[PDB]
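I have placed the structure first, in the form of structure tokens, so that the comments after it can refer back to it.
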Amino acid sequence: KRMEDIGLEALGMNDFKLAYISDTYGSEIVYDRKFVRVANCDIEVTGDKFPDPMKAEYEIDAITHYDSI
Amino acid sequence: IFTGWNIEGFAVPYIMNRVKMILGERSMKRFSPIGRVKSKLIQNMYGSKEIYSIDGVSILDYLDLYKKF
Amino acid sequence: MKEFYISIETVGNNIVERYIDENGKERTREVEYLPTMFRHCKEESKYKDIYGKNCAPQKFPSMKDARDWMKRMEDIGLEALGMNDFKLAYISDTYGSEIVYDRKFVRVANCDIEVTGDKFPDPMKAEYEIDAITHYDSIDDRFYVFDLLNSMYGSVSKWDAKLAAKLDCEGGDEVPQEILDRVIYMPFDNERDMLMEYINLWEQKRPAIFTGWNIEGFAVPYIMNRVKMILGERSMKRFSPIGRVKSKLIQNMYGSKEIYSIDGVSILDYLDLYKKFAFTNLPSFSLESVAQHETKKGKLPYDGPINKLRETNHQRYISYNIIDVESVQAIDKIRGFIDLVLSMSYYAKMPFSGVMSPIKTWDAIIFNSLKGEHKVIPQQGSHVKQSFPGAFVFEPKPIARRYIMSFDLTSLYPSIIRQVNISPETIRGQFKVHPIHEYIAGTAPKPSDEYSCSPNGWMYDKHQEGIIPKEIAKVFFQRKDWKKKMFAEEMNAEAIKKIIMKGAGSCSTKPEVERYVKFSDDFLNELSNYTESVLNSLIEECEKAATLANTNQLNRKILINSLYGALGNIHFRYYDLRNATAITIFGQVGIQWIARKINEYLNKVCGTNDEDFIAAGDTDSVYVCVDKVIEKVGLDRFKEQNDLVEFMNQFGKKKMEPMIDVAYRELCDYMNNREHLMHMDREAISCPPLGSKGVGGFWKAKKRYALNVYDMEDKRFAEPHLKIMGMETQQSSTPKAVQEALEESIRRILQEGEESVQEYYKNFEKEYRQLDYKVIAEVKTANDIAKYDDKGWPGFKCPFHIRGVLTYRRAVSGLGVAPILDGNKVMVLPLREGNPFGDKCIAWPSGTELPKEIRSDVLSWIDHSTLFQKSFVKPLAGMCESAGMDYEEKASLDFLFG
Amino acid sequence: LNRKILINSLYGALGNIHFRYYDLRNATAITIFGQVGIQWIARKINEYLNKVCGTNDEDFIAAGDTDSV
DNA sequence: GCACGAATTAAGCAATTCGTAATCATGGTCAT
């Protein structure tokens, strides 16, 4: 912002996550899907009216969490 | 990764809201390694989706991972 | 008399403070404030969270260090407890104790402007030269009107007050003399020196609060934007004492308004002050309308563009602006609004502009009351705006309610929050909540036995008084304390007035008369022989005490009444949806429960079964028809209408009021809440005149009634007091005679009999054509004429105004009058069938008068027209039909059939 | 399928104001070059069909989009 | 909403329902 306010164009990345990943690995990345824990979840709640995700008035009575690893 | 059908509809938006209303806002933040969880409404679209963004876990709604690919 | 703050701002890490020193001279201090914040801690300390958790303080070198610390703790998700608005913190630490002030030494500025604009411009789009200078002062009590002697748009004569102080005929301009001496004047060579000296006046005469009727929507934007377009960033900044005067714009659904904030001075509009702190509903919120409402000093009604008035008859032009400003000043004298803002922002220890949004007005007071117990406020989180149930109104039966009483709740949401014990930290889980209908009927099972409840199913603690109810109480008892002081002060004033008319004596001594306490009888007896001078000084002191008490009472009332709108405002610090849907839904259950109990007791007393005695009601007030009891006792046994009103009055207190108390104590027992605080007394008694056929009040729909109220808040009326809402008697589209006739018809249909409303209809029908044509005729805006014209004939769905204007152009083609084009507001009226113009309409520019040649026939060809069926007969039917009556007697053979 | 997804969602980026390589001129040039291409092949197929069938002024393309005929 | 903030995606309408007018078929009664 300090350099922009004088009216010149900056060059490079503004979001450093991609920059960090690029420098840390650089070359092609080899991955095994097995080690990546991919959870999975569906919740069932019971109530008089449709349970409103935002009001959250009813009582969560079925959770049923799943795990890949 | 934390997939599942309609995860950013009646699952994450509810699990997070309930623990915030019954166990306090502090324990709800245990859901993330960084300990940083956030919520932003999207009234732009007719549906008021209080979508959450737990940091460290890539919330990928399978419904929206399916309608796209 | 002490030191206090006039305006606080923060630049970089230094906080500027315009303030009044103990001597009384304005100073501009600027200090390096050190922020003090709070954080979570596992170690015991005197600083605790609202939940009771241990909290650790922290002090910082500079404000920027704190604003970096917040970002630090907001990347690990730890609550950053403590006030995050340094301005509030500075005021609290700088003063701490209750702040005593003096309005005399604060510089309020009243300003109104009138541009030399042939066409009315945009406030931010400046295209016309400014000519009006006005800046009334409080500590200087002096106008400032420096006449623009000559300009780029012509030159004008000097403004002399002596000639303009008389009546129009005498050479004056109907403006009072006692205000003309205040006005100053000096000439000008152009507008550049005028702007220069205006900015100078801003510099040396720097006001505290810049107010005026619609000042933020007209003068401020226009004045600053002309300076910007001409001078530039130079001088434009001088408006602010610190130079941080910042380009601020607010895009709105109405377009683009450059709502501007001048740093170092609170730009508080007066239009919004009246719109917010008066609760008065007048259809025309223009300045002259409310002036005639309050000060009754209407201007001289001359129409036409005022461009010629700028050069010729400029004396009247300047007098218009003078009376324009004097109107706002008189509004202040009668309401004392800026006095209220000054007395309130010092109570809440916050910047003046804060009075606008109550969010701040509460976020500051609950803080500065929580400072005493060393408790520390929580960091604002992030919620989501949600629509939830709010106010409730019964469906009234559009019938003619003859004898009806009414009650109201003393304070709905404050008392609800006190009784249910609702607070951000007094929440302890839910219960099972059945459909609401079950709770109102009382059959639904008792929700719990350990805690307090609200019928949306959330259960809150009982014994521990919450922060929110405690603050509401600390406001409520202060309010009643100051009200009792005012009552004692008025009793003392009455005593002094009764003293001055009996006995006299010479004693010029003026001791230290005690304040904030009623004087002893002997002390007021010993100064009975004080003649008038010192006694009048004492009376003036009594009036000043009454004024301070009034300001305190009004600011207390506004505060308590705003806690709700704050607690449902997503951006409040102590927001919680459950808290919100537990004080609105409990309101609905409370009103429907009390309605059910009213019916259950009235059907019992009267004798009938399944009869709905509630006439109508809001969430806090109810009108119940009590005609059945009056019929049971008998109308003929009375002797005067005062007997009727007295019976209806004592019936509520002796019979209805204890029933109200018991049937709300049953609510308090039902959910086992903390304590019973609801009140309900006879706010209004409506009754028809004794012996008269009169209806005595009727409904029309949701919240459109009419009542011949005879007693309001235990104040007997020697004459009937009419009370209407929502009717069509105040809409601007109708002429004043139409509205007066409608209100007289209301008075008849309520108090007088059928023959009265019948004969008045025909009398007003005869008289209605005997007024001017232009006042009766309505006005419409005509755009895109070329879309709907074919040689003057009607087009495809040709609008009324378009047809009228086309026929008018066909009528006077080539006669030299100004043509009627699109975008100009045009007054329109129909014509009878068979008019020589060939069309049933006529249209010409509003206010303007059509040529005399076509003036005769258009008057003759509209005599006794039907237009008032579209104006006055239709609303009259809409009311009378719901009143169980008809205006024009529909004679028939029905009496032969039976 | 990764490559397919990548390529298919390209024009949905170069025509976006937040993709850093955004230009009004380019975002319109792609679209209307597509338009020109489809109408050009429409006219050419009409000409070829008229020539092979002998008749003239005959329209055979129907109800296409900016991709299909 | 204070004090910004740092990154950014939902567009423009197809379709229905209603009201009011404009035009058009069709009948009742009349000068003939």
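Letters A, B, ... go to the chains of the structure tokens in the order shown; residues in each chain start at 1; ligands are counted from 1 in the same order.
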Notebook entry, point to check: Near stretch 852-868 of chain C, counting only C-alpha atoms (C1' of nucleotides), which residues have an atom at most 6 Å away, once you skip same-chain residues fewer than 3 positions from it, shown as a list in words?
Noted result: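 Residues meeting the cut-off are residues 769, 831, 832, 871 and 872 of chain C.
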Distance cut-off 10 Å, counting only C-alpha atoms - which residues of chain D neighbour chain B? Return them as a PDB file with C-alpha atoms, in the first residue's frame.
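Contents of out06.pdb, as written:
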ATOM      1  CA  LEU D   1     -10.569 -35.338 -15.635  1.00  0.00           C
ATOM      2  CA  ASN D   2      -8.393 -32.802 -13.810  1.00  0.00           C
ATOM      3  CA  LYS D   4     -10.704 -31.372 -18.494  1.00  0.00           C
ATOM      4  CA  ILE D   5     -11.896 -29.413 -15.468  1.00  0.00           C
TER       5      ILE D   5
END
Next item on the list: Using only C-alpha atoms, determine which residues of chain A fall within 12 Å of chain D; present them as a ChimeraX atom specification.
Entry: /A:11-14
Notebook entry, point to check: By how many Å are atom CA of residue C:221 and atom CA of residue C:86 apart?
Noted result: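 Straight-line distance from atom CA of residue C:221 to atom CA of residue C:86 works out to 28.9 Å.
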Notebook entry, point to check: atom CA of residue C:702 and atom CA of residue C:442, how far apart in Å?
Noted result: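 Value for the atom CA of residue C:442-atom CA of residue C:702 distance: 26.8 Å.
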Check: Between atom CA of residue C:614 and atom CA of residue C:397, what is the distance, to one decimal in Å?
Finding: 9.4 Å
Note to self: Using only C-alpha atoms (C1' of nucleotides), which protein or nucleic acid residues come within 10 Å of stretch 7-23 of chain E? Drop anything in the same chain fewer than 4 positions from it, and give the result as a list in words.
What the structure shows: residues 14 and 15 of chain A; 42, 44, 45 and 46 of chain B; 796, 797 and 798 of chain C; 12, 13, 16, 17, 18 and 19 of chain D
Margin query: Please identify the helix (DSSP H, G or I) residues within chain A (assignment by DSSP from backbone atoms) and present them as a VMD selection string.
Written below: chain A and resid 4 to 6 16 to 25 33 to 35
Write the residues you've just listed into a file as a CSV table (one decimal), in the first residue's frame, and include N, CA and C atoms for each of them.
chain,number,residue,atom,x,y,z
A,4,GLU,N,2.0,1.7,-3.5
A,4,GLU,CA,0.9,1.9,-4.4
A,4,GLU,C,0.4,3.3,-4.3
A,5,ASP,N,0.4,3.9,-3.1
A,5,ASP,CA,-0.2,5.2,-3.0
A,5,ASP,C,0.5,6.3,-3.7
A,6,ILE,N,1.8,6.0,-4.2
A,6,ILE,CA,2.5,7.0,-5.0
A,6,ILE,C,2.2,6.8,-6.5
A,16,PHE,N,0.4,-14.8,0.0
A,16,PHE,CA,1.7,-15.5,0.2
A,16,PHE,C,1.6,-17.0,0.4
A,17,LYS,N,0.4,-17.5,0.5
A,17,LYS,CA,0.2,-19.0,0.7
A,17,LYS,C,0.7,-19.7,-0.5
A,18,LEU,N,0.3,-19.3,-1.7
A,18,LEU,CA,0.8,-19.9,-2.9
A,18,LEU,C,2.3,-19.7,-3.1
A,19,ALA,N,2.8,-18.6,-2.7
A,19,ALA,CA,4.2,-18.3,-2.8
A,19,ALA,C,5.0,-19.3,-1.9
A,20,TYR,N,4.5,-19.5,-0.6
A,20,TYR,CA,5.2,-20.4,0.3
A,20,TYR,C,5.2,-21.8,-0.2
A,21,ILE,N,4.0,-22.2,-0.7
A,21,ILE,CA,3.9,-23.6,-1.3
A,21,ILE,C,4.9,-23.8,-2.4
A,22,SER,N,4.9,-22.7,-3.3
A,22,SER,CA,5.8,-22.8,-4.5
A,22,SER,C,7.3,-22.9,-4.1
A,23,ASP,N,7.7,-22.1,-3.2
A,23,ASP,CA,9.2,-22.1,-2.8
A,23,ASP,C,9.5,-23.4,-2.0
A,24,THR,N,8.6,-23.8,-1.1
A,24,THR,CA,8.8,-25.0,-0.2
A,24,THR,C,9.0,-26.3,-1.1
A,25,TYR,N,8.2,-26.4,-2.1
A,25,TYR,CA,8.2,-27.7,-2.9
A,25,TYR,C,8.8,-27.5,-4.3
A,33,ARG,N,-2.7,-40.9,-1.5
A,33,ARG,CA,-4.0,-40.4,-0.9
A,33,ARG,C,-4.2,-41.0,0.4
A,34,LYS,N,-3.6,-42.2,0.7
A,34,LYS,CA,-3.9,-42.9,2.0
A,34,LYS,C,-3.7,-42.1,3.2
A,35,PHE,N,-2.6,-41.4,3.3
A,35,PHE,CA,-2.2,-40.7,4.5
A,35,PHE,C,-3.1,-39.5,4.8
Item checked: Shell around stretch 315-320 of chain C at 9 Å using only C-alpha atoms (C1' of nucleotides), local window under 5 positions removed, as a list in words ->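 The contact residues come out as residues 132, 145, 147, 157, 158, 159, 160, 161, 164, 168, 172, 173, 174, 175, 299, 306, 309, 310 and 325 of chain C.
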Checklist line | Test item: chain A residues at most 12 Å from chain B, counting only C-alpha atoms, as a PyMOL selection string | finding: chain A and resi 33+35-45+50-69
Expected file: the selected residues, N, CA, C and O atoms, as a short mmCIF file (atom, residue, chain, number, x, y, z; two decimals), in the first residue's frame:
data_model
loop_
_atom_site.label_atom_id
_atom_site.label_comp_id
_atom_site.auth_asym_id
_atom_site.auth_seq_id
_atom_site.Cartn_x
_atom_site.Cartn_y
_atom_site.Cartn_z
N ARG A 33 -2.66 -40.85 -1.45
CA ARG A 33 -3.96 -40.44 -0.94
C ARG A 33 -4.24 -41.04 0.43
O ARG A 33 -4.99 -40.47 1.22
N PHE A 35 -2.58 -41.38 3.28
CA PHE A 35 -2.23 -40.69 4.52
C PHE A 35 -3.12 -39.49 4.81
O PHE A 35 -3.12 -39.00 5.94
N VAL A 36 -3.88 -39.01 3.82
CA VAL A 36 -4.69 -37.82 3.99
C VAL A 36 -6.03 -38.23 4.58
O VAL A 36 -6.88 -38.81 3.90
N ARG A 37 -6.23 -37.91 5.85
CA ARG A 37 -7.44 -38.31 6.57
C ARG A 37 -8.62 -37.51 6.07
O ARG A 37 -8.71 -36.30 6.31
N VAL A 38 -9.54 -38.17 5.37
CA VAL A 38 -10.70 -37.53 4.77
C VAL A 38 -11.91 -37.92 5.59
O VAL A 38 -12.49 -38.98 5.39
N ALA A 39 -12.32 -37.05 6.51
CA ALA A 39 -13.48 -37.36 7.33
C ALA A 39 -14.74 -37.30 6.50
O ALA A 39 -14.72 -37.09 5.28
N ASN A 40 -15.87 -37.49 7.17
CA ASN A 40 -17.18 -37.47 6.53
C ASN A 40 -18.22 -37.50 7.63
O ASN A 40 -18.09 -38.26 8.59
N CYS A 41 -19.25 -36.67 7.50
CA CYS A 41 -20.19 -36.55 8.59
C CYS A 41 -21.55 -36.12 8.06
O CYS A 41 -21.64 -35.29 7.16
N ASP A 42 -22.60 -36.72 8.61
CA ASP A 42 -23.96 -36.27 8.41
C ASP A 42 -24.70 -36.34 9.73
O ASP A 42 -24.63 -37.36 10.42
N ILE A 43 -25.40 -35.27 10.07
CA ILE A 43 -26.03 -35.10 11.37
C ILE A 43 -27.54 -35.12 11.19
O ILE A 43 -28.06 -34.52 10.24
N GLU A 44 -28.23 -35.82 12.07
CA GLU A 44 -29.69 -35.81 12.07
C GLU A 44 -30.19 -35.31 13.42
O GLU A 44 -29.81 -35.84 14.47
N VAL A 45 -31.05 -34.30 13.35
CA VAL A 45 -31.66 -33.65 14.50
C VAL A 45 -33.17 -33.72 14.33
O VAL A 45 -33.68 -33.77 13.21
N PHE A 50 -39.06 -27.28 10.96
CA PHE A 50 -37.76 -27.60 10.32
C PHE A 50 -36.63 -27.00 11.17
O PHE A 50 -36.65 -25.79 11.42
N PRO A 51 -35.64 -27.81 11.61
CA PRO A 51 -34.51 -27.28 12.37
C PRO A 51 -33.79 -26.20 11.55
O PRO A 51 -33.37 -26.50 10.45
N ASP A 52 -33.66 -24.99 12.10
CA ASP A 52 -33.01 -23.88 11.37
C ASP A 52 -31.51 -23.90 11.69
O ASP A 52 -31.14 -23.63 12.84
N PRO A 53 -30.64 -24.20 10.71
CA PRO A 53 -29.20 -24.27 10.95
C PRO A 53 -28.68 -23.08 11.76
O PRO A 53 -27.73 -23.26 12.49
N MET A 54 -29.31 -21.90 11.62
CA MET A 54 -28.77 -20.72 12.28
C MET A 54 -29.35 -20.50 13.67
O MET A 54 -28.62 -20.11 14.59
N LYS A 55 -30.66 -20.70 13.85
CA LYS A 55 -31.24 -20.57 15.18
C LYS A 55 -30.71 -21.64 16.12
O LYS A 55 -30.37 -21.35 17.28
N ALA A 56 -30.63 -22.88 15.65
CA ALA A 56 -30.05 -23.99 16.41
C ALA A 56 -30.75 -24.18 17.75
O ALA A 56 -30.16 -24.03 18.82
N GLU A 57 -32.04 -24.51 17.68
CA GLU A 57 -32.85 -24.64 18.88
C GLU A 57 -32.98 -26.08 19.36
O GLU A 57 -33.12 -26.31 20.57
N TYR A 58 -32.92 -27.04 18.46
CA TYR A 58 -33.22 -28.42 18.80
C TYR A 58 -31.98 -29.12 19.36
O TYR A 58 -30.92 -28.53 19.51
N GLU A 59 -32.13 -30.41 19.67
CA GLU A 59 -31.08 -31.18 20.32
C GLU A 59 -30.48 -32.16 19.32
O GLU A 59 -31.19 -33.01 18.78
N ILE A 60 -29.17 -32.05 19.10
CA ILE A 60 -28.48 -32.94 18.17
C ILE A 60 -28.47 -34.34 18.75
O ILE A 60 -27.85 -34.59 19.78
N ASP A 61 -29.16 -35.27 18.08
CA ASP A 61 -29.25 -36.62 18.61
C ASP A 61 -28.66 -37.70 17.72
O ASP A 61 -28.60 -38.86 18.15
N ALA A 62 -28.20 -37.39 16.51
CA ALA A 62 -27.43 -38.37 15.76
C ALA A 62 -26.32 -37.67 15.01
O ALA A 62 -26.58 -36.73 14.25
N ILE A 63 -25.08 -38.11 15.22
CA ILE A 63 -23.90 -37.43 14.68
C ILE A 63 -23.23 -38.25 13.58
O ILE A 63 -23.04 -37.76 12.46
N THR A 64 -22.84 -39.49 13.88
CA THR A 64 -22.40 -40.47 12.88
C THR A 64 -21.18 -39.99 12.10
O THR A 64 -21.19 -39.93 10.87
N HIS A 65 -20.12 -39.67 12.82
CA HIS A 65 -18.90 -39.21 12.18
C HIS A 65 -18.19 -40.36 11.49
O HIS A 65 -18.17 -41.49 11.99
N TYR A 66 -17.60 -40.09 10.33
CA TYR A 66 -16.85 -41.08 9.58
C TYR A 66 -15.40 -40.64 9.44
O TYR A 66 -15.10 -39.44 9.44
N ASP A 67 -14.49 -41.62 9.34
CA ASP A 67 -13.05 -41.31 9.19
C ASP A 67 -12.47 -42.25 8.12
O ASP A 67 -12.93 -43.40 8.05
N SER A 68 -11.51 -41.77 7.33
CA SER A 68 -10.93 -42.60 6.23
C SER A 68 -9.76 -43.43 6.76
O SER A 68 -9.75 -44.65 6.52
N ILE A 69 -8.80 -42.79 7.43
CA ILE A 69 -7.60 -43.51 7.95
C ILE A 69 -8.07 -44.73 8.75
O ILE A 69 -7.53 -45.83 8.51
#
Margin query: Distance limit 12 Å, atoms considered: only C-alpha atoms (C1' of nucleotides). Which chain C residues sit that close to chain E? Return them as an MDAnalysis selection string.
Written below: chainID C and resid 10:12 63:64 66:68 70:71 83:88 354 357:360 363 380 382 569:573 794:799
Just write the chosen residues, N, CA and C atoms, as a short mmCIF file (atom, residue, chain, number, x, y, z; two decimals), in the first residue's frame.
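Below you can see part.cif, which holds the result:
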data_model
loop_
_atom_site.label_atom_id
_atom_site.label_comp_id
_atom_site.auth_asym_id
_atom_site.auth_seq_id
_atom_site.Cartn_x
_atom_site.Cartn_y
_atom_site.Cartn_z
N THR C 10 -9.01 11.15 17.47
CA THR C 10 -7.74 10.47 17.61
C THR C 10 -7.05 10.40 16.26
N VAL C 11 -5.83 10.93 16.19
CA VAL C 11 -5.04 10.95 14.97
C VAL C 11 -3.70 10.29 15.26
N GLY C 12 -3.32 9.34 14.41
CA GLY C 12 -2.11 8.58 14.64
C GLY C 12 -2.15 7.84 15.95
N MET C 63 -1.49 3.63 20.89
CA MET C 63 -2.71 3.02 20.39
C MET C 63 -2.43 2.06 19.25
N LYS C 64 -1.45 2.38 18.40
CA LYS C 64 -1.10 1.48 17.31
C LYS C 64 -0.57 0.15 17.83
N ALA C 66 -1.69 -1.34 20.52
CA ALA C 66 -2.91 -2.09 20.82
C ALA C 66 -3.59 -2.60 19.56
N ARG C 67 -3.64 -1.78 18.51
CA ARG C 67 -4.26 -2.23 17.27
C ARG C 67 -3.44 -3.29 16.56
N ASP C 68 -2.17 -3.46 16.93
CA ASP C 68 -1.42 -4.61 16.45
C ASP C 68 -1.60 -5.81 17.36
N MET C 70 -4.34 -6.58 18.95
CA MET C 70 -5.63 -7.17 18.60
C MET C 70 -5.48 -8.11 17.41
N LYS C 71 -4.78 -7.66 16.38
CA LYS C 71 -4.53 -8.52 15.23
C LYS C 71 -3.74 -9.75 15.63
N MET C 83 -12.42 -2.42 26.51
CA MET C 83 -12.97 -1.45 25.57
C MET C 83 -11.99 -1.27 24.42
N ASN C 84 -12.51 -1.32 23.20
CA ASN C 84 -11.68 -1.14 22.01
C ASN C 84 -11.92 0.18 21.31
N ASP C 85 -12.75 1.06 21.87
CA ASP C 85 -12.95 2.41 21.35
C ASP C 85 -12.25 3.36 22.32
N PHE C 86 -11.00 3.70 22.01
CA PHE C 86 -10.19 4.53 22.93
C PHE C 86 -10.93 5.81 23.33
N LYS C 87 -11.77 6.35 22.44
CA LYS C 87 -12.45 7.64 22.74
C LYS C 87 -13.25 7.47 24.04
N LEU C 88 -14.02 6.38 24.15
CA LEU C 88 -14.84 6.13 25.37
C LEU C 88 -13.89 5.97 26.56
N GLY C 354 -22.50 10.27 19.09
CA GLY C 354 -22.96 8.95 19.54
C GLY C 354 -24.45 8.92 19.83
N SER C 357 -26.73 6.89 17.15
CA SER C 357 -26.93 5.44 17.19
C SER C 357 -26.96 4.96 18.63
N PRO C 358 -28.07 4.41 19.11
CA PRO C 358 -28.11 3.97 20.52
C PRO C 358 -27.14 2.85 20.83
N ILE C 359 -26.69 2.09 19.83
CA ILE C 359 -25.71 1.03 20.08
C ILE C 359 -24.58 1.56 20.93
N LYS C 360 -23.98 2.66 20.51
CA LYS C 360 -22.96 3.32 21.31
C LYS C 360 -23.53 3.81 22.63
N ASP C 363 -23.50 0.82 24.76
CA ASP C 363 -22.19 0.21 24.86
C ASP C 363 -21.27 1.03 25.74
N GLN C 380 -16.09 -7.85 20.94
CA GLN C 380 -17.19 -8.07 20.02
C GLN C 380 -16.87 -9.24 19.12
N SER C 382 -18.84 -11.95 16.22
CA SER C 382 -19.37 -11.79 14.87
C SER C 382 -20.64 -12.61 14.79
N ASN C 569 -29.71 -5.57 17.76
CA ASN C 569 -28.88 -5.00 16.71
C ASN C 569 -27.59 -5.80 16.61
N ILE C 570 -27.44 -6.54 15.51
CA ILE C 570 -26.37 -7.52 15.35
C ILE C 570 -25.04 -6.98 15.85
N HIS C 571 -24.81 -5.69 15.69
CA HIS C 571 -23.53 -5.10 16.03
C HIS C 571 -23.44 -4.62 17.47
N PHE C 572 -24.46 -4.86 18.28
CA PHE C 572 -24.32 -4.61 19.71
C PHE C 572 -23.26 -5.55 20.28
N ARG C 573 -22.64 -5.12 21.37
CA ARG C 573 -21.61 -5.94 22.00
C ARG C 573 -22.21 -7.11 22.76
N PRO C 794 -56.13 10.89 -27.03
CA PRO C 794 -55.53 9.90 -26.12
C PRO C 794 -54.77 8.83 -26.89
N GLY C 795 -53.70 8.34 -26.27
CA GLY C 795 -52.92 7.25 -26.79
C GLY C 795 -53.27 5.93 -26.14
N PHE C 796 -52.32 5.00 -26.19
CA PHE C 796 -52.48 3.68 -25.58
C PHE C 796 -52.29 3.83 -24.08
N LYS C 797 -53.37 3.65 -23.32
CA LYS C 797 -53.37 3.86 -21.87
C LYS C 797 -52.79 5.22 -21.52
N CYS C 798 -53.35 6.25 -22.15
CA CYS C 798 -52.85 7.60 -21.96
C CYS C 798 -53.15 8.09 -20.55
N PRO C 799 -52.15 8.54 -19.80
CA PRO C 799 -52.40 9.00 -18.43
C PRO C 799 -53.29 10.24 -18.40
#
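The residues of chain A that DSSP classifies as strand (DSSP E), using the backbone of this structure, are residues 39, 40, 41, 44, 45, 46, 59, 60, 61, 62, 65 and 66 of chain A.
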Restrict the selected residues to C-alpha atoms and save them as an mmCIF file, in the first residue's frame.
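Resulting contents of part34.cif:
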data_model
loop_
_atom_site.group_PDB
_atom_site.id
_atom_site.type_symbol
_atom_site.label_atom_id
_atom_site.label_comp_id
_atom_site.auth_asym_id
_atom_site.auth_seq_id
_atom_site.Cartn_x
_atom_site.Cartn_y
_atom_site.Cartn_z
ATOM 1 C CA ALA A 39 -13.475 -37.365 7.332
ATOM 2 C CA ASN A 40 -17.182 -37.474 6.531
ATOM 3 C CA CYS A 41 -20.192 -36.546 8.592
ATOM 4 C CA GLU A 44 -29.687 -35.810 12.072
ATOM 5 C CA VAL A 45 -31.662 -33.651 14.504
ATOM 6 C CA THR A 46 -35.376 -33.888 15.401
ATOM 7 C CA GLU A 59 -31.078 -31.178 20.317
ATOM 8 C CA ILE A 60 -28.479 -32.936 18.168
ATOM 9 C CA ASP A 61 -29.252 -36.620 18.613
ATOM 10 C CA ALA A 62 -27.432 -38.374 15.762
ATOM 11 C CA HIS A 65 -18.896 -39.209 12.179
ATOM 12 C CA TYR A 66 -16.850 -41.081 9.576
#
Next item on the list: Up to 8 Å from chain C, what residues of chain B turn up? Count only C-alpha atoms and give them as a PyMOL selection string.
Entry: chain B and resi 22+29+34-37+39-41+50
Can you build me a table of chain C residues sitting at most 10 Å from chain A, with the closest atom pair per residue and its distance in Å to one decimal, using only C-alpha atoms, sorted by chain and residue number, as a Markdown table?
| residue | atom | partner | partner_atom | distance |
| --- | --- | --- | --- | --- |
| C:384 | CA | A:54 | CA | 8.6 |
| C:386 | CA | A:54 | CA | 8.8 |
| C:388 | CA | A:55 | CA | 9.9 |
| C:430 | CA | A:57 | CA | 8.3 |
| C:431 | CA | A:58 | CA | 9.8 |
| C:432 | CA | A:58 | CA | 9.1 |
| C:433 | CA | A:48 | CA | 9.3 |
| C:434 | CA | A:48 | CA | 8.5 |
| C:435 | CA | A:48 | CA | 8.6 |
| C:456 | CA | A:57 | CA | 9.2 |
| C:457 | CA | A:57 | CA | 8.3 |
| C:458 | CA | A:57 | CA | 8.8 |
| C:577 | CA | A:55 | CA | 7.8 |
| C:578 | CA | A:55 | CA | 8.2 |
Note to self: I'd like the neighbourhood of stretch 44-58 of chain C as an NGL selection string, where a residue qualifies if any of its atoms comes within 7 Å (using only C-alpha atoms (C1' of nucleotides)), though same-chain residues fewer than 4 positions away should be ignored.
What the structure shows: :C and (36-40 or 374-377 or 425)
Next item on the list: Might you pull out every residue within 12 Å of residue C:732, with only C-alpha atoms (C1' of nucleotides) counted and same-chain residues fewer than 6 positions away left off, and present them as JSON, numbers by chain?
Entry: {"C": [282, 283, 284, 285, 738, 739, 775, 778, 779, 871]}
